[PDB]
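*Asks:* Before anything else, here's the structure in question.
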Amino acid sequence: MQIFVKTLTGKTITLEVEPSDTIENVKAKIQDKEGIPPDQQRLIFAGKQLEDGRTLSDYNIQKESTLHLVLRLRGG
Amino acid sequence: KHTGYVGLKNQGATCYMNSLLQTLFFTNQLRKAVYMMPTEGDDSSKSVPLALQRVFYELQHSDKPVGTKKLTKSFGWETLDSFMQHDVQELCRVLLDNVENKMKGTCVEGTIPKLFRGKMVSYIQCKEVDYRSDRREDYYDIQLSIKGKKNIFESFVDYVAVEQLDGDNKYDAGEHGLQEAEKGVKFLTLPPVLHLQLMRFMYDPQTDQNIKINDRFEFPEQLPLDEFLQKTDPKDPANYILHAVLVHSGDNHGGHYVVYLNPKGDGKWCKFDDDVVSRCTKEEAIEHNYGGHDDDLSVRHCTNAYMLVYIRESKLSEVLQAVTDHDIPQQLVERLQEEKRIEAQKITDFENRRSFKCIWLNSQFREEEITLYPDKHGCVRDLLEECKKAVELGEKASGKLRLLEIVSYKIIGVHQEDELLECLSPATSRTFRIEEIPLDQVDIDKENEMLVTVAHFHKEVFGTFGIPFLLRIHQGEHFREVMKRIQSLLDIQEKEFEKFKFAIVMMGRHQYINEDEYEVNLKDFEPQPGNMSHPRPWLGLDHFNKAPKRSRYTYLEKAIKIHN
């Protein structure tokens, strides 16, 4: 199934994935296509940030769902 | 405080958490909901909602900065996580989800979505085929693109702007395979509370790493949003008021967070910087966080707004409804009140202290420089008592000390033992002195006596010097006795004493007093009928000094002449 990710330039890219794919697998495909290291990407869907270790089916992500990619501004 | 509200203690690198906590604390409808969560059988160590109830309770009731110590512990964090620098919006997405799930099965269930959840549509049209797809999704925030846009208006325009699904991003229409398509997004619902995340980062190909975008980006005070809805509403326009500005100073993965708010919703802004709340001006919360100032380069360059919080004009009253103690359940107030009492039992592991440099006046009436280490969130009594076990106490004496604020060698007031150390003036002009109260000034007679300020000066009333001191004066006393006391307080030679002169001083104007008329009357040392934050009149001593000196300045000096 094909999902969408909104990138850091606000453009929509496609990803070919399966429901059993883990979040890390999805991030690896985003790295392959966009170049962003997995350890800096965060994916937001329906307000919940997707968590490493869980799968797309856990979040009811389906064909044509859009994920929002962001990165971090750390402070302390 | 100086503002009504108080801040939060920093554990090490918890400024993002303090900022976000203040943001949610002034979401009054959410605070009222959090108070109502069932935490009666919950363990303090493992209850996120209960820890949130504690932080909210203390932020409402206390007037000293609030610790978030238990809050990170309930997250399951060790103390190594208390020095982690994190993203405030990431913490928002995790905390709000965790609490929304914990509110499920309770009475305030669905509160977070009612306040933050919105809906949007993703329309997809194929360019070469009759295939139109339709997808409705939820969201709790909006990631607005920053680079190349001038203000929020342009960034919302670009968000709903139609994008092209071309080349390697062809649309999988299933039947017709990958097709060239057009993707568009429109808004169906804008929640009562709008969290906007400014996408302040990009990939820099020159350094092969991600970079914070410190360019200029304007956000309006009033936000019109009916332009970007699919179906509008003439009876309820999507008009928003700015409620919070989360500012981030610094690097991509390091820096410091601050939060600006107008909690009441009226326009009276104030700044929350960890354990310090301080009023400010609307221009400091808005215009000065557009940022993208690359000139005169200091922190300002990478200091700019990161997260914006708007509230719908028509929802301002329900979201910011006032919170009394009739909104707080009994068992929570008593859980926390009876929770503190177990701490009057318990030397090690203290604390985020500050260094306090001041003058210590001894029993022999001479000065000693001393630097103490009190709790930054402690009071004056803590500082005085901290002094008592760092000095000699006199063999026997009053044993009670006092703190004086001295500007220009005059005592301009005594500080009560209640005053919090944070509210002491940090100005350069101020010098604080701790001295032991003399015996005749401990329990002084109110009707007849009074403690007056004495200071030295030299022929000009503003040319003050030496060491000021407090002197007890008795009603109707003959002045030769007051001089008798003053002399027993300086202890220099008898010869220098008759040279003295004595005067009453008020507002630069001064009147000398007769040493032989003996006229002591308390009415002469009292202000103008109405004034007390007006300089207290004081008694001045006129004579010559013993003072330190400084180098000779030449390297070509002095004169001026035009020879022709």
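What you see of chain B is 209-554, 885-1102, where the numbers are those given in Swiss-Prot.
According to its header, the structure was obtained by X-ray crystallography, 3.3 Å.
From the backbone N, Cα and C atoms, a Cβ is placed for every residue, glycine too.
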*Asks:* Would you mind telling me which one of B:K240, B:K948, B:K1096 Swiss-Prot calls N6-acetyllysine?
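*Replies:* Among B:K240, B:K948, B:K1096, the one Swiss-Prot marks as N6-acetyllysine is B:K1096.
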*Asks:* Write down the residue from B:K322, B:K378, B:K1084 that Swiss-Prot flags as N6-acetyllysine.
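*Replies:* Swiss-Prot records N6-acetyllysine at B:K1084.
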*Asks:* Suppose we call a site close when its Cβ is under 8 Å from a Cβ of chain A; which of the recorded positions B:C223, B:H464, B:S963, B:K1084 are close?
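*Replies:* Filtering B:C223, B:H464, B:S963, B:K1084 for a Cβ under 8 Å from chain A leaves B:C223, B:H464.
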*Asks:* Of B:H464, B:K1084, B:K1096, which of the recorded positions has the most Cβ neighbours inside 10 Å?
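*Replies:* The most densely surrounded of these recorded positions is B:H464.
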*Asks:* Mind giving me a neighbour count for B:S963 (phosphoserine)? Other Cβ atoms within 10 Å of its Cβ, every protein chain shown.
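*Replies:* I count 10 other Cβ atoms within 10 Å of it.
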*Asks:* Which state, by DSSP, holds B:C223 (active site, nucleophile): helix, strand or coil?
*Replies:* helix
*Asks:* Taking Cα atoms as reference points, which of the recorded positions B:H464, B:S963, B:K1084, B:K1096 is nearest to B:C223 (active site, nucleophile)?
*Replies:* B:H464
